[PDB]
């Protein structure tokens, strides 16, 4: 709910975020570097996606899992496009980070250009999400709404995670770690 978090959030969204539709829904999508971006796993991007209402080919998609095959609920995708994202890997943490004030940033047709102060972010860890064991979950409390998936969780100078579910007054992000984007 602090200014610097919002200021960082707005800068990051304006440069690296877009609105994406897959067969399964409409999502916020953050680009990370080069032609690599990130979606919630359940977006299940196909051979093409709609990115700001424009068809874009997908060159690679990687559904992330840890060293023991456990779901991390993130899909990294490489887009067939000429523009490059600003490289924002320097704003990713090396491990799960907790903060006292974060902002969740959404941009879809249902929630255009919206920012939500979500307060404290906890490293929750293990969660059974829909029946699938899942790790590196971050938790925060705010009045959730459907259609917020892919929203970007941030704090001053950090992209902490990608929103992957929520119900009632509880939201969860997959932690967005620096080593996911080595190479």
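Numbering follows the first chain given and starts at 1.
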| query | finding |
| --- | --- |
| Mean C-alpha temperature factor, higher of 128-136 and 53-61 | 128-136 |
| Of 3-11 and 172-180, the one with larger mean CA B-factor | 3-11 |
| Selection by C-alpha B-factor (highest) of 100, 75, 107, 71 | 100 |
| Third of chain Cα B-factors occupied by residue 16 | middle |
| Chain thirds of CA B-factor: placement of residue 147 | highest |
| Where the record places residue 120 (Cα B-factor, split into thirds across the chain) | middle |
| CA B-factor placement of residue 156, once the chain's modelled residues are sorted into thirds | highest |
